[PDB]
$ cat work_38.cif   # mmCIF, C-alpha atoms; chains and numbers go by the auth columns
data_upload
#
loop_
_atom_site.group_PDB
_atom_site.id
_atom_site.type_symbol
_atom_site.label_atom_id
_atom_site.label_comp_id
_atom_site.label_asym_id
_atom_site.label_seq_id
_atom_site.Cartn_x
_atom_site.Cartn_y
_atom_site.Cartn_z
_atom_site.B_iso_or_equiv
_atom_site.auth_seq_id
_atom_site.auth_asym_id
ATOM 1 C CA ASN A 1 -9.852 -2.404 12.896 0.00 2 A
ATOM 2 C CA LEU A 2 -6.964 -0.921 10.996 0.00 3 A
ATOM 3 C CA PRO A 3 -3.987 -3.260 11.210 0.00 4 A
ATOM 4 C CA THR A 4 -1.756 -2.556 14.176 0.00 5 A
ATOM 5 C CA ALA A 5 1.799 -1.351 13.528 0.00 6 A
ATOM 6 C CA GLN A 6 3.076 -4.890 13.957 0.00 7 A
ATOM 7 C CA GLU A 7 0.457 -6.176 11.520 0.00 8 A
ATOM 8 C CA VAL A 8 1.472 -3.532 8.972 0.00 9 A
ATOM 9 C CA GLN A 9 5.053 -4.751 9.323 0.00 10 A
ATOM 10 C CA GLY A 10 3.841 -8.302 8.629 0.00 11 A
ATOM 11 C CA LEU A 11 1.673 -7.350 5.699 0.00 12 A
ATOM 12 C CA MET A 12 4.144 -5.090 3.922 0.00 13 A
ATOM 13 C CA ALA A 13 6.909 -7.672 4.286 0.00 14 A
ATOM 14 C CA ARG A 14 4.533 -10.342 2.898 0.00 15 A
ATOM 15 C CA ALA A 15 3.838 -8.191 -0.136 0.00 16 A
ATOM 16 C CA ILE A 16 7.539 -8.157 -1.085 0.00 17 A
ATOM 17 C CA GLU A 17 7.975 -11.907 -0.550 0.00 18 A
ATOM 18 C CA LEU A 18 4.980 -12.550 -2.807 0.00 19 A
ATOM 19 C CA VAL A 19 6.566 -10.463 -5.561 0.00 20 A
ATOM 20 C CA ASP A 20 9.817 -12.377 -5.002 0.00 21 A
ATOM 21 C CA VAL A 21 8.008 -15.658 -5.808 0.00 22 A
ATOM 22 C CA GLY A 22 5.730 -14.223 -8.532 0.00 23 A
ATOM 23 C CA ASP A 23 2.447 -15.247 -6.940 0.00 24 A
ATOM 24 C CA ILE A 24 0.011 -12.982 -8.866 0.00 25 A
ATOM 25 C CA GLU A 25 -3.197 -14.047 -7.105 0.00 26 A
ATOM 26 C CA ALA A 26 -1.602 -13.657 -3.660 0.00 27 A
ATOM 27 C CA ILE A 27 -0.265 -10.209 -4.555 0.00 28 A
ATOM 28 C CA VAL A 28 -3.637 -9.085 -5.923 0.00 29 A
ATOM 29 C CA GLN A 29 -5.633 -10.455 -3.002 0.00 30 A
ATOM 30 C CA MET A 30 -3.727 -8.182 -0.636 0.00 31 A
ATOM 31 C CA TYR A 31 -5.222 -5.153 -2.434 0.00 32 A
ATOM 32 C CA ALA A 32 -8.673 -3.619 -2.042 0.00 33 A
ATOM 33 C CA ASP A 33 -10.929 -4.214 -5.027 0.00 34 A
ATOM 34 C CA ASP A 34 -10.547 -0.598 -6.100 0.00 35 A
ATOM 35 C CA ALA A 35 -7.072 0.174 -4.807 0.00 36 A
ATOM 36 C CA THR A 36 -4.804 2.788 -6.334 0.00 37 A
ATOM 37 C CA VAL A 37 -1.186 2.057 -7.209 0.00 38 A
ATOM 38 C CA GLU A 38 1.278 4.790 -8.246 0.00 39 A
ATOM 39 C CA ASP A 39 4.448 3.047 -9.437 0.00 40 A
ATOM 40 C CA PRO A 40 6.582 5.005 -10.086 0.00 41 A
ATOM 41 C CA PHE A 41 5.043 7.823 -8.100 0.00 42 A
ATOM 42 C CA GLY A 42 4.556 10.668 -10.594 0.00 43 A
ATOM 43 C CA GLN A 43 3.112 8.430 -13.290 0.00 44 A
ATOM 44 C CA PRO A 44 -0.556 7.929 -13.886 0.00 45 A
ATOM 45 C CA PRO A 45 -2.363 5.846 -11.325 0.00 46 A
ATOM 46 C CA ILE A 46 -3.212 2.149 -11.712 0.00 47 A
ATOM 47 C CA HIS A 47 -6.715 1.584 -10.334 0.00 48 A
ATOM 48 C CA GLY A 48 -8.486 -1.588 -9.306 0.00 49 A
ATOM 49 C CA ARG A 49 -7.583 -5.248 -8.983 0.00 50 A
ATOM 50 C CA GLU A 50 -7.959 -5.950 -12.708 0.00 51 A
ATOM 51 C CA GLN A 51 -5.441 -3.251 -13.729 0.00 52 A
ATOM 52 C CA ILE A 52 -3.184 -3.971 -10.700 0.00 53 A
ATOM 53 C CA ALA A 53 -3.107 -7.663 -11.591 0.00 54 A
ATOM 54 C CA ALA A 54 -2.140 -6.767 -15.196 0.00 55 A
ATOM 55 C CA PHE A 55 0.595 -4.488 -13.900 0.00 56 A
ATOM 56 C CA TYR A 56 2.142 -7.265 -11.765 0.00 57 A
ATOM 57 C CA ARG A 57 1.487 -9.975 -14.349 0.00 58 A
ATOM 58 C CA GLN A 58 3.262 -7.940 -17.020 0.00 59 A
ATOM 59 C CA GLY A 59 6.097 -6.965 -14.632 0.00 60 A
ATOM 60 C CA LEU A 60 6.617 -10.468 -13.259 0.00 61 A
ATOM 61 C CA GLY A 61 6.040 -12.482 -16.393 0.00 62 A
ATOM 62 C CA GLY A 62 8.106 -14.302 -17.125 0.00 63 A
ATOM 63 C CA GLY A 63 9.820 -14.551 -14.851 0.00 64 A
ATOM 64 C CA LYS A 64 13.295 -13.589 -13.650 0.00 65 A
ATOM 65 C CA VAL A 65 12.385 -10.923 -11.145 0.00 66 A
ATOM 66 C CA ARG A 66 13.396 -10.965 -7.513 0.00 67 A
ATOM 67 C CA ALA A 67 12.506 -8.527 -4.682 0.00 68 A
ATOM 68 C CA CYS A 68 14.092 -8.098 -1.266 0.00 69 A
ATOM 69 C CA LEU A 69 13.358 -5.891 1.933 0.00 70 A
ATOM 70 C CA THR A 70 16.491 -3.963 2.507 0.00 71 A
ATOM 71 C CA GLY A 71 15.485 -2.601 5.876 0.00 72 A
ATOM 72 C CA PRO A 72 12.759 -2.710 8.450 0.00 73 A
ATOM 73 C CA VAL A 73 9.166 -1.825 7.656 0.00 74 A
ATOM 74 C CA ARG A 74 8.308 1.522 9.257 0.00 75 A
ATOM 75 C CA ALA A 75 4.691 1.338 10.495 0.00 76 A
ATOM 76 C CA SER A 76 2.252 3.854 11.930 0.00 77 A
ATOM 77 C CA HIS A 77 -0.679 3.462 14.280 0.00 78 A
ATOM 78 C CA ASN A 78 -3.133 4.489 11.552 0.00 79 A
ATOM 79 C CA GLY A 79 -2.726 1.550 9.227 0.00 80 A
ATOM 80 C CA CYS A 80 0.093 2.898 7.083 0.00 81 A
ATOM 81 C CA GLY A 81 3.709 2.071 6.509 0.00 82 A
ATOM 82 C CA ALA A 82 6.766 2.464 4.352 0.00 83 A
ATOM 83 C CA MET A 83 9.507 0.049 3.374 0.00 84 A
ATOM 84 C CA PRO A 84 12.743 0.071 1.489 0.00 85 A
ATOM 85 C CA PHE A 85 13.499 -2.733 -1.000 0.00 86 A
ATOM 86 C CA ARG A 86 15.509 -3.780 -4.066 0.00 87 A
ATOM 87 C CA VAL A 87 14.054 -5.346 -7.206 0.00 88 A
ATOM 88 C CA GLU A 88 16.262 -7.384 -9.539 0.00 89 A
ATOM 89 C CA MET A 89 15.093 -7.594 -13.172 0.00 90 A
ATOM 90 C CA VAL A 90 16.200 -7.726 -16.821 0.00 91 A
ATOM 91 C CA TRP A 91 16.118 -4.486 -18.803 0.00 92 A
ATOM 92 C CA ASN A 92 17.943 -5.108 -22.169 0.00 93 A
ATOM 93 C CA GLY A 93 19.582 -8.436 -21.222 0.00 94 A
ATOM 94 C CA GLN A 94 21.707 -6.691 -18.653 0.00 95 A
ATOM 95 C CA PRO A 95 20.924 -7.812 -15.104 0.00 96 A
ATOM 96 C CA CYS A 96 19.662 -4.717 -13.288 0.00 97 A
ATOM 97 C CA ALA A 97 18.676 -3.642 -9.804 0.00 98 A
ATOM 98 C CA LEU A 98 16.205 -1.003 -8.738 0.00 99 A
ATOM 99 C CA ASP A 99 16.046 0.545 -5.271 0.00 100 A
ATOM 100 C CA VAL A 100 12.470 1.468 -4.275 0.00 101 A
ATOM 101 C CA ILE A 101 10.510 2.654 -1.222 0.00 102 A
ATOM 102 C CA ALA A 102 6.819 1.767 -1.080 0.00 103 A
ATOM 103 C CA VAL A 103 4.339 3.514 1.080 0.00 104 A
ATOM 104 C CA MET A 104 1.041 1.688 1.822 0.00 105 A
ATOM 105 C CA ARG A 105 -2.211 2.538 3.441 0.00 106 A
ATOM 106 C CA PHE A 106 -4.416 -0.316 4.660 0.00 107 A
ATOM 107 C CA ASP A 107 -8.136 -0.375 5.256 0.00 108 A
ATOM 108 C CA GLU A 108 -10.110 -1.838 8.137 0.00 109 A
ATOM 109 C CA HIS A 109 -10.272 -5.206 6.340 0.00 110 A
ATOM 110 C CA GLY A 110 -6.506 -5.363 6.243 0.00 111 A
ATOM 111 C CA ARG A 111 -6.330 -4.732 2.500 0.00 112 A
ATOM 112 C CA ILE A 112 -4.048 -2.243 0.696 0.00 113 A
ATOM 113 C CA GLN A 113 -6.057 0.835 -0.312 0.00 114 A
ATOM 114 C CA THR A 114 -3.163 2.820 -1.738 0.00 115 A
ATOM 115 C CA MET A 115 0.395 2.119 -2.637 0.00 116 A
ATOM 116 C CA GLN A 116 2.996 4.679 -3.743 0.00 117 A
ATOM 117 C CA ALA A 117 6.366 3.395 -5.027 0.00 118 A
ATOM 118 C CA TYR A 118 9.172 5.970 -5.222 0.00 119 A
ATOM 119 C CA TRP A 119 11.967 5.404 -7.712 0.00 120 A
ATOM 120 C CA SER A 120 13.345 6.749 -10.988 0.00 121 A
ATOM 121 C CA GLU A 121 16.268 6.001 -13.233 0.00 122 A
ATOM 122 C CA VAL A 122 18.719 7.413 -10.573 0.00 123 A
ATOM 123 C CA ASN A 123 17.726 4.302 -8.558 0.00 124 A
ATOM 124 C CA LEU A 124 18.481 1.878 -11.382 0.00 125 A
ATOM 125 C CA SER A 125 21.879 0.059 -11.516 0.00 126 A
ATOM 126 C CA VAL A 126 23.469 -2.872 -13.375 0.00 127 A
ATOM 127 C CA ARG A 127 24.276 -5.987 -11.303 0.00 128 A
ATOM 128 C CA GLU A 128 27.176 -8.429 -11.439 0.00 129 A
ATOM 129 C CA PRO A 129 26.093 -11.832 -12.970 0.00 130 A
ATOM 130 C CA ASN B 1 10.826 23.766 -12.667 0.00 2 B
ATOM 131 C CA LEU B 2 10.565 21.330 -9.781 0.00 3 B
ATOM 132 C CA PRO B 3 13.927 19.873 -8.577 0.00 4 B
ATOM 133 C CA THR B 4 15.116 17.049 -10.804 0.00 5 B
ATOM 134 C CA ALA B 5 15.346 13.513 -9.378 0.00 6 B
ATOM 135 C CA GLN B 6 19.081 14.053 -8.799 0.00 7 B
ATOM 136 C CA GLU B 7 18.426 17.394 -7.063 0.00 8 B
ATOM 137 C CA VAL B 8 15.826 15.734 -4.874 0.00 9 B
ATOM 138 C CA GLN B 9 18.421 13.140 -3.790 0.00 10 B
ATOM 139 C CA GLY B 10 20.815 15.952 -2.878 0.00 11 B
ATOM 140 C CA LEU B 11 18.199 17.974 -0.961 0.00 12 B
ATOM 141 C CA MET B 12 16.908 15.037 1.053 0.00 13 B
ATOM 142 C CA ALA B 13 20.491 13.987 1.908 0.00 14 B
ATOM 143 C CA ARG B 14 21.222 17.585 3.023 0.00 15 B
ATOM 144 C CA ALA B 15 18.162 17.475 5.287 0.00 16 B
ATOM 145 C CA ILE B 16 19.676 14.469 7.052 0.00 17 B
ATOM 146 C CA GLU B 17 23.098 16.147 7.403 0.00 18 B
ATOM 147 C CA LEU B 18 21.466 19.189 8.989 0.00 19 B
ATOM 148 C CA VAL B 19 19.582 17.058 11.527 0.00 20 B
ATOM 149 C CA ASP B 20 22.829 15.275 12.301 0.00 21 B
ATOM 150 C CA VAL B 21 24.389 18.592 13.455 0.00 22 B
ATOM 151 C CA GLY B 22 21.136 19.919 14.909 0.00 23 B
ATOM 152 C CA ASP B 23 21.224 23.192 13.007 0.00 24 B
ATOM 153 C CA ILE B 24 17.563 24.110 13.408 0.00 25 B
ATOM 154 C CA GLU B 25 17.740 27.438 11.539 0.00 26 B
ATOM 155 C CA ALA B 26 19.167 25.614 8.502 0.00 27 B
ATOM 156 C CA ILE B 27 16.690 22.706 8.854 0.00 28 B
ATOM 157 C CA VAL B 28 13.749 25.104 8.867 0.00 29 B
ATOM 158 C CA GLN B 29 15.012 27.253 5.948 0.00 30 B
ATOM 159 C CA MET B 30 14.699 24.128 3.788 0.00 31 B
ATOM 160 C CA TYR B 31 10.936 24.168 4.376 0.00 32 B
ATOM 161 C CA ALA B 32 8.638 26.417 2.390 0.00 33 B
ATOM 162 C CA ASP B 33 6.498 28.863 4.341 0.00 34 B
ATOM 163 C CA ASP B 34 3.387 27.108 5.572 0.00 35 B
ATOM 164 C CA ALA B 35 4.884 23.664 4.909 0.00 36 B
ATOM 165 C CA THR B 36 3.092 20.683 6.404 0.00 37 B
ATOM 166 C CA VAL B 37 4.831 18.032 8.490 0.00 38 B
ATOM 167 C CA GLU B 38 3.405 14.758 9.704 0.00 39 B
ATOM 168 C CA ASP B 39 5.928 13.014 11.964 0.00 40 B
ATOM 169 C CA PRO B 40 5.133 10.395 12.989 0.00 41 B
ATOM 170 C CA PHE B 41 2.563 9.879 10.280 0.00 42 B
ATOM 171 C CA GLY B 42 -0.830 9.310 11.993 0.00 43 B
ATOM 172 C CA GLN B 43 -0.301 12.176 14.411 0.00 44 B
ATOM 173 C CA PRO B 44 -1.771 15.588 13.728 0.00 45 B
ATOM 174 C CA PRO B 45 -0.019 17.579 11.047 0.00 46 B
ATOM 175 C CA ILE B 46 1.821 20.732 11.986 0.00 47 B
ATOM 176 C CA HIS B 47 2.516 23.579 9.606 0.00 48 B
ATOM 177 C CA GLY B 48 4.655 26.618 9.069 0.00 49 B
ATOM 178 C CA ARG B 49 8.211 27.418 9.953 0.00 50 B
ATOM 179 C CA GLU B 50 7.468 28.371 13.610 0.00 51 B
ATOM 180 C CA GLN B 51 5.641 25.107 14.404 0.00 52 B
ATOM 181 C CA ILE B 52 8.251 23.097 12.457 0.00 53 B
ATOM 182 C CA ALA B 53 11.146 24.767 14.380 0.00 54 B
ATOM 183 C CA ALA B 54 9.406 23.949 17.681 0.00 55 B
ATOM 184 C CA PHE B 55 8.932 20.334 16.554 0.00 56 B
ATOM 185 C CA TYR B 56 12.611 19.913 15.748 0.00 57 B
ATOM 186 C CA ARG B 57 13.564 21.609 19.031 0.00 58 B
ATOM 187 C CA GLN B 58 11.387 19.051 20.927 0.00 59 B
ATOM 188 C CA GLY B 59 13.086 16.140 19.070 0.00 60 B
ATOM 189 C CA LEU B 60 16.548 17.551 19.608 0.00 61 B
ATOM 190 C CA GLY B 61 15.919 18.299 23.336 0.00 62 B
ATOM 191 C CA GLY B 62 17.801 15.297 24.726 0.00 63 B
ATOM 192 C CA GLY B 63 21.114 16.566 23.340 0.00 64 B
ATOM 193 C CA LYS B 64 23.359 14.150 21.425 0.00 65 B
ATOM 194 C CA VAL B 65 21.318 13.459 18.238 0.00 66 B
ATOM 195 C CA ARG B 66 22.767 11.940 15.130 0.00 67 B
ATOM 196 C CA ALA B 67 21.098 11.058 11.838 0.00 68 B
ATOM 197 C CA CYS B 68 22.296 8.731 9.099 0.00 69 B
ATOM 198 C CA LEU B 69 20.937 7.641 5.758 0.00 70 B
ATOM 199 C CA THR B 70 20.693 3.878 5.741 0.00 71 B
ATOM 200 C CA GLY B 71 20.133 3.513 1.995 0.00 72 B
ATOM 201 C CA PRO B 72 19.741 5.583 -1.162 0.00 73 B
ATOM 202 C CA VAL B 73 17.317 8.368 -1.577 0.00 74 B
ATOM 203 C CA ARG B 74 14.553 7.294 -3.943 0.00 75 B
ATOM 204 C CA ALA B 75 13.385 10.172 -6.170 0.00 76 B
ATOM 205 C CA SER B 76 10.622 10.833 -8.631 0.00 77 B
ATOM 206 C CA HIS B 77 10.319 13.182 -11.647 0.00 78 B
ATOM 207 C CA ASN B 78 7.581 15.249 -9.903 0.00 79 B
ATOM 208 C CA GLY B 79 9.744 16.787 -7.203 0.00 80 B
ATOM 209 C CA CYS B 80 9.178 14.039 -4.656 0.00 81 B
ATOM 210 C CA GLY B 81 11.341 11.500 -2.862 0.00 82 B
ATOM 211 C CA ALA B 82 11.627 9.028 -0.041 0.00 83 B
ATOM 212 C CA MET B 83 14.587 8.062 2.130 0.00 84 B
ATOM 213 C CA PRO B 84 15.472 5.514 4.833 0.00 85 B
ATOM 214 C CA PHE B 85 17.458 6.673 7.817 0.00 86 B
ATOM 215 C CA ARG B 86 18.307 6.076 11.432 0.00 87 B
ATOM 216 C CA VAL B 87 18.272 8.709 14.168 0.00 88 B
ATOM 217 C CA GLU B 88 20.358 8.085 17.324 0.00 89 B
ATOM 218 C CA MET B 89 19.505 9.978 20.480 0.00 90 B
ATOM 219 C CA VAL B 90 20.084 9.821 24.190 0.00 91 B
ATOM 220 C CA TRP B 91 16.769 9.415 26.025 0.00 92 B
ATOM 221 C CA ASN B 92 16.747 9.126 29.790 0.00 93 B
ATOM 222 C CA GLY B 93 20.514 8.540 29.764 0.00 94 B
ATOM 223 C CA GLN B 94 20.333 5.619 27.341 0.00 95 B
ATOM 224 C CA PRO B 95 21.503 5.369 23.748 0.00 96 B
ATOM 225 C CA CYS B 96 18.371 4.915 21.616 0.00 97 B
ATOM 226 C CA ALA B 97 17.739 4.705 17.867 0.00 98 B
ATOM 227 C CA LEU B 98 14.740 5.073 15.568 0.00 99 B
ATOM 228 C CA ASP B 99 14.484 3.712 12.005 0.00 100 B
ATOM 229 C CA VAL B 100 12.496 6.181 9.924 0.00 101 B
ATOM 230 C CA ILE B 101 11.373 6.750 6.360 0.00 102 B
ATOM 231 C CA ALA B 102 10.627 10.313 5.236 0.00 103 B
ATOM 232 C CA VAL B 103 8.757 11.294 2.113 0.00 104 B
ATOM 233 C CA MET B 104 9.135 14.879 0.882 0.00 105 B
ATOM 234 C CA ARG B 105 7.574 16.970 -1.851 0.00 106 B
ATOM 235 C CA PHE B 106 9.463 20.083 -3.042 0.00 107 B
ATOM 236 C CA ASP B 107 8.247 23.310 -4.639 0.00 108 B
ATOM 237 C CA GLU B 108 9.771 24.972 -7.700 0.00 109 B
ATOM 238 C CA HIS B 109 12.379 26.833 -5.552 0.00 110 B
ATOM 239 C CA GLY B 110 13.596 23.643 -3.980 0.00 111 B
ATOM 240 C CA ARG B 111 11.870 24.064 -0.646 0.00 112 B
ATOM 241 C CA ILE B 112 9.853 21.379 1.135 0.00 113 B
ATOM 242 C CA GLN B 113 6.026 21.718 0.840 0.00 114 B
ATOM 243 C CA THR B 114 5.180 18.555 2.700 0.00 115 B
ATOM 244 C CA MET B 115 6.992 15.903 4.714 0.00 116 B
ATOM 245 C CA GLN B 116 5.689 12.626 6.082 0.00 117 B
ATOM 246 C CA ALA B 117 7.838 10.529 8.433 0.00 118 B
ATOM 247 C CA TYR B 118 6.916 6.903 9.076 0.00 119 B
ATOM 248 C CA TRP B 119 7.928 5.158 12.320 0.00 120 B
ATOM 249 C CA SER B 120 6.560 3.890 15.577 0.00 121 B
ATOM 250 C CA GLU B 121 7.770 1.904 18.593 0.00 122 B
ATOM 251 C CA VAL B 122 8.214 -1.068 16.289 0.00 123 B
ATOM 252 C CA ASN B 123 11.220 0.895 14.899 0.00 124 B
ATOM 253 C CA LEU B 124 12.824 1.655 18.283 0.00 125 B
ATOM 254 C CA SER B 125 16.099 0.566 19.786 0.00 126 B
ATOM 255 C CA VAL B 126 16.878 1.320 23.469 0.00 127 B
ATOM 256 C CA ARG B 127 20.094 -0.055 25.026 0.00 128 B
ATOM 257 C CA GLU B 128 22.087 0.191 28.217 0.00 129 B
ATOM 258 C CA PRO B 129 24.415 3.127 28.689 0.00 130 B
ATOM 259 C CA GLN B 130 28.129 2.277 28.218 0.00 131 B
#

$ encode --input "work_38.cif" --output "structure tokens"
Amino acid sequence: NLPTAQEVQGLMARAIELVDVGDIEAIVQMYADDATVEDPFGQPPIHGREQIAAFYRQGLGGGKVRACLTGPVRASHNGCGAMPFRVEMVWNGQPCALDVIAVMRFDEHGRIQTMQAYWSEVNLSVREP
Amino acid sequence: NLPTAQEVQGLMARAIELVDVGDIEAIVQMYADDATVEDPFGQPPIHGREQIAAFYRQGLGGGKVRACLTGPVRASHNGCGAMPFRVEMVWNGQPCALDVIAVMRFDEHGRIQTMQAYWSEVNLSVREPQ
């Protein structure tokens, strides 16, 4: 069946922790073969495990990126959820942080069918070393 | 033009302030005519200012509602954004809270076309009165 709300909470949290450790195969395996990622929402879609893996591989290589939930996963009873988080990464040498909310829809196999990630440069800040 | 990312942040914050004071006429004037709301997401959508007013009236019916952003509004360049917040309400004489995320899309006059609010019982707090 579609994941329960509790299962969505588990899955969406797991997705962030996998980014945090840079586990590309684990990240990719959570997605449907032909999933669609919009990140940032508004930009053209990334489609399918091959392109999604390249997106994360390029983003996470190599390899001073961290990612943290910054609040509870909000989960529905129809296999969807949304979560707030912060990504830490290097743009231009300067340590930076990006606040993001991801919305996910899961299929009946428990895989991510769609992900939208909302953020723009208003959500980007410099960090203290 | 659609609202800029910055304008989206301001609009979505204003939506929370209006819920916090329970000003339904102001809440509803932020929505475009025939706007669609799904709250909680997974329930049937409702649409239009009448239905949306009635929805907010149902959610405000217990009296002492407050609403707080619990992090920054995330905004796109295509008139969309997403925000984390907490509503506090009194339900059956007890102080309760819900953690929610709302996603909104705005039209080119800065009114809301669609809203989706994510939450369920996994996002509830219910405590003793004191």

$ closest_residue --input "work_38.cif" --among "A:75, A:110, A:87, A:50" --to "chain B" --atoms "all atoms listed in the file"
A:75

$ resolve_selection --input "work_38.cif" --expression "the PyMOL selection byres ((chain A) within 6 of (chain B))" --output "list in words"
residues 43, 75, 76, 77, 79, 119, 120 and 121 of chain A

$ resolve_selection --input "work_38.cif" --expression "the PyMOL selection byres ((chain B and resi 20) around 9)" --output "NGL selection string"
:B and (15-19 or 21-25 or 28 or 57 or 61 or 66-68 or 88)

$ atom_distance --input "work_38.cif" --atom1 "CA of residue 12 in chain B" --atom2 "CA of residue 129 in chain A"
29.8 Å

$ axis_aligned_box --input "work_38.cif" --around "range 91-101 of chain A" --padding-each-side "3 Å" --output "JSON"
{"center_x": 17.1, "center_y": -3.5, "center_z": -13.2, "size_x": 15.2, "size_y": 15.9, "size_z": 23.9}

$ resolve_selection --input "work_38.cif" --expression "the PyMOL selection byres ((chain B and resi 129-131) around 7)" --output "ChimeraX atom specification"
/B:94-96,128

$ atom_distance --input "work_38.cif" --atom1 "CA of residue 14 in chain A" --atom2 "CA of residue 68 in chain A"
10.6 Å

$ atom_distance --input "work_38.cif" --atom1 "CA of residue 33 in chain B" --atom2 "CA of residue 54 in chain B"
12.4 Å

$ residues_near_point --input "work_38.cif" --point "(19.3, -7.2, -18.4)" --cutoff "12 Å" --atoms "all atoms listed in the file" --output "ChimeraX atom specification"
/A:65-66,89-99,125-130

$ residues_around --input "work_38.cif" --residues "residue 92 in chain B" --least-positions-apart "3" --cutoff "10 Å" --atoms "all atoms listed in the file" --output "list in words"
residues 62, 63, 64, 65, 66, 89, 95, 96, 97, 98 and 127 of chain B

$ closest_residue --input "work_38.cif" --among "A:26, A:18, A:34, A:8" --to "residue 81 in chain A" --atoms "only C-alpha atoms"
A:8

$ residues_near_point --input "work_38.cif" --point "(16.3, 23.0, -3.8)" --cutoff "7 Å" --atoms "only C-alpha atoms" --output "ChimeraX atom specification"
/B:4,8,12,110-112

$ closest_residue --input "work_38.cif" --among "B:116, B:11, B:91, B:125" --to "residue 38 in chain B" --atoms "only C-alpha atoms"
B:116
